[PDB]
Amino acid sequence: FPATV
Amino acid sequence: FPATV
Amino acid sequence: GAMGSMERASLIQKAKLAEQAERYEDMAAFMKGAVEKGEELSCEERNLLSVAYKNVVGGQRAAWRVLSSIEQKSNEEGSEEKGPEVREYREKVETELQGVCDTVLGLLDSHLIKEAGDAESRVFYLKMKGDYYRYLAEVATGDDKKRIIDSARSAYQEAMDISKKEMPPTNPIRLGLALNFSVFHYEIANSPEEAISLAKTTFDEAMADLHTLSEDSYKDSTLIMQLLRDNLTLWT
Amino acid sequence: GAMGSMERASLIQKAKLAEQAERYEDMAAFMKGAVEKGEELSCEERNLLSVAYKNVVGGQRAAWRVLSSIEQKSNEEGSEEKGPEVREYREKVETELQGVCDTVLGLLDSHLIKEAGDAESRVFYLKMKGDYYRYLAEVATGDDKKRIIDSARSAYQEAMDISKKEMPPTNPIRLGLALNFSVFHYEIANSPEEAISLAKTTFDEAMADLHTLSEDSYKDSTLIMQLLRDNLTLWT
Ligand SMILES: *CC(=O)NCC1CCN(C(=O)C2(Nc3ccc(Cl)cc3)CC(C)(C)OC(C)(C)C2)CC1
Ligand SMILES: *CC(=O)NCC1CCN(C(=O)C2(Nc3ccc(Cl)cc3)CC(C)(C)OC(C)(C)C2)CC1
Ligand SMILES: [Mg+2]
Ligand SMILES: [Mg+2]
Ligand SMILES: [Mg+2]
Ligand SMILES: [Mg+2]
Ligand SMILES: [Mg+2]
Ligand SMILES: [Mg+2]
């Protein structure tokens, strides 16, 4: 999964 | 802490 | 509200304790109680709110993905029928996830967003709104799926518009929003080129503004920039 | 019981799914529902029960320790008074922990232990009884503390007696029981020499019986033996 904040 | 199972 | 009898300050204190204890469900309940006192949230308090629910829904999303994978496998040819249990339990976790998203969206709508006038607060809440509609989109398979996606898109777009007008390109909230909206494009909207373009432009514009920053702000900004780079590396 | 309407087999299937998804609270609820069907549990099913509650209470114990440390620090000289919140929240987590322990003990008492006739099942449940009274002892500070400690001790001692009569010294349940009872001596009963003696004798007797085992049983036994060694290293 890609990075999110 | 010591090991328990 | 089970938290109605507890002081705002005590709810905030306890949310901090819950964070230290890695009790994110408790943290989220304390922060919901704080929000429901009806006063605006400070920066620190918005961070507590977001961290709490991010952790709770993060765990539900991971669990949902595990279950959804098992369910998919059970629906491939040559798989032995094992009854309704996998669907039922994926549905259970899904419904609980949806409930959490609905709760957060409800806090945003009643009444955090409408009282948020400063760019930093308004953008932060609109980014959250986008995020929680994105989490709903991840599990949507129905009549409303397009509307849910559009709700995420609209919230992110309003945040983007304010952030580009009101914040420097290195501002961590502007960066974090962009990061997430870029993920929305890639994962939800089937728009990988938009995702890539947004991540790249955001990174490059931030790069060019680093010279204006203190050492500490530089650290903050570069941390999120690296996340933009990480995604671009994943996608290219 | 919210699980009263669900099939035993479906509860067991779902507990397995919950384990895969790292949803240990759900896993524990499914397994409680299974137990309450009133039928005895197989080995696999006892393992599911134990794993579920071990994970739930493990998390509560870690959280309790974080909170208890903060509370202790707040009660040292030169610490600034921050009101009742730390005590209140430690008490909240404590009460929830106690509730979980009470639930597990209730399952054991109604009626898992009394229907367990085979050494492997009876020892396993009595070890659990010891464990959950030990967890209650960890947080006990009252009139009942000595009785709670004694309840743990008595359950462990009955398990020990059966295990020494009925199981080989390498049996994983016999080893795991010994490991935990040894911890009880060290941490709860203020009997470190007893703890050490038990760990050492258990290890050495197991060592001498390894020659009787298959490769797979050897692996099982040596894994727990290493835990006995780890504790001895910690304590000597
Ligand atoms: C009130 C306010 O201005 N908040 C923005 C902060 C939040 C914390 N910051 C971060 O860089 C991290 N989280 C985050 C959350 C939301 C958004 Cl929009 C941006 C950033 C927090 C730490 C540094 C712990 O790690 C991550 C990677 C999650 C970023 C700084 C701005
Ligand atoms: C029905 C039955 O005979 N169960 C005993 C099994 C449980 C799993 N085993 C283990 O070695 C582990 N857990 C454990 C739990 C209770 C007791 Cl009394 C002993 C051992 C499970 C694995 C191997 C995953 O790791 C630990 C370290 C927890 C031991 C084998 C006997
Ligand atoms: Mg007040
Ligand atoms: Mg559904
Ligand atoms: Mg553009
Ligand atoms: Mg039936
Ligand atoms: Mg108490
Ligand atoms: Mg002896």
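Heads up: the sequence lines are chains B, B', A and A', in that order. A prime marks a further copy of an entry chain.
In terms of the entry's author numbering, the first sequence has 593 at position 3, counting the first letter as 1, and numbering is strictly consecutive.
In terms of the entry's author numbering, the second sequence has 592 at position 2, counting the first letter as 1, and numbering is strictly consecutive.
In terms of the entry's author numbering, the third sequence has 81 at position 86, counting the first letter as 1, and numbering is strictly consecutive.
In terms of the entry's author numbering, the fourth sequence has 98 at position 103, counting the first letter as 1, and numbering is strictly consecutive.
C-beta atoms are modelled at their ideal positions from N, C-alpha and C, and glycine is treated no differently.
Using beta-carbon distances, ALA(-3)/A' does not count as an interface residue toward chain A, since no partner is under 9 Å.
Counting C-beta atoms within 10 angstroms of its own C-beta, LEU12/A has 16 or more neighbours from the protein chains shown and is therefore classed as buried.
If you check the CB distance, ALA194/A' and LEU218/A' do not come in under 9 Å. Secondary structure of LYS140/A' (DSSP, three-state): helix. For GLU189/A' and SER63/A, the gap between their C-alpha atoms comes out near 50 Å. Across the segment 154 to 178 of chain A', CB contacts with chain B' closer than 7 Å involve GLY171, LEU174, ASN175, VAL178, in sequence order along the chain. In the same chain as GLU75/A', and ignoring 5 residues on each side of it, no C-beta atom comes closer than 7 Å to its own. Across the segment 72 to 104 of chain A', CB contacts with chain A closer than 9 Å involve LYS77, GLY78, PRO79, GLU80, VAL81, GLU83, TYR84, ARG85, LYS87, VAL88, in sequence order along the chain. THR165/A' is the residue among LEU222/A', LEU174/A', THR165/A' whose C-alpha sits nearest the C-alpha of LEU205/A'. A straight-line Cα-Cα distance of about 8 Å links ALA24/A and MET(-2)/A.
Below the 8 Å Cβ cutoff, chain A contributes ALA16, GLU17, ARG18 as neighbours of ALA58/A', in chain order. The DSSP-derived three-state label of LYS32/A' is coil. For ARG148/A', the secondary structure class from DSSP, reduced to helix, strand or coil, is helix. Taking a beta-carbon distance threshold of 9 Å, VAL46/A' does not count as an interface residue toward chain A.
The segment 27 to 42 of chain A makes no contact with the segment 32 to 40 of chain A'; the number of CB pairs closer than 8 Å stays below 3. C-alpha of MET202/A' to C-alpha of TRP230/A': approximately 20 Å in a straight line. Under the Cβ criterion of 9 Å, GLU35/A' is not counted among the residues facing chain B'. Beyond the five residues adjoining it in sequence on each side, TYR120/A comes within less than 8 Å, by CB distance, of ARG41, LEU103, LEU107, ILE108, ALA111 in the same chain, given in chain order.
Note on geometry: alpha-carbon atoms of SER186/A' and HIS180/A' lie some 5 Å from one another.
Under the 9 Å criterion on CB atoms, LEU62/A is classed as non-interfacial with respect to chain B.
With a contact defined as Cβ atoms closer than 8 Å, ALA10/A and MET22/A qualify at about 5 Å. Annotation for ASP215/A': the continuous alpha helix (DSSP H) segment containing it runs 210 to 230. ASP225/A has a beta carbon lying at 9 Å or more from every beta carbon in chain A'. For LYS49/A', there are no C-beta contacts with chain A under 8 Å, since the nearest C-beta of that chain is about 17 Å from it. Secondary structure at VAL595/B': coil, using DSSP grouped into helix, strand and coil.
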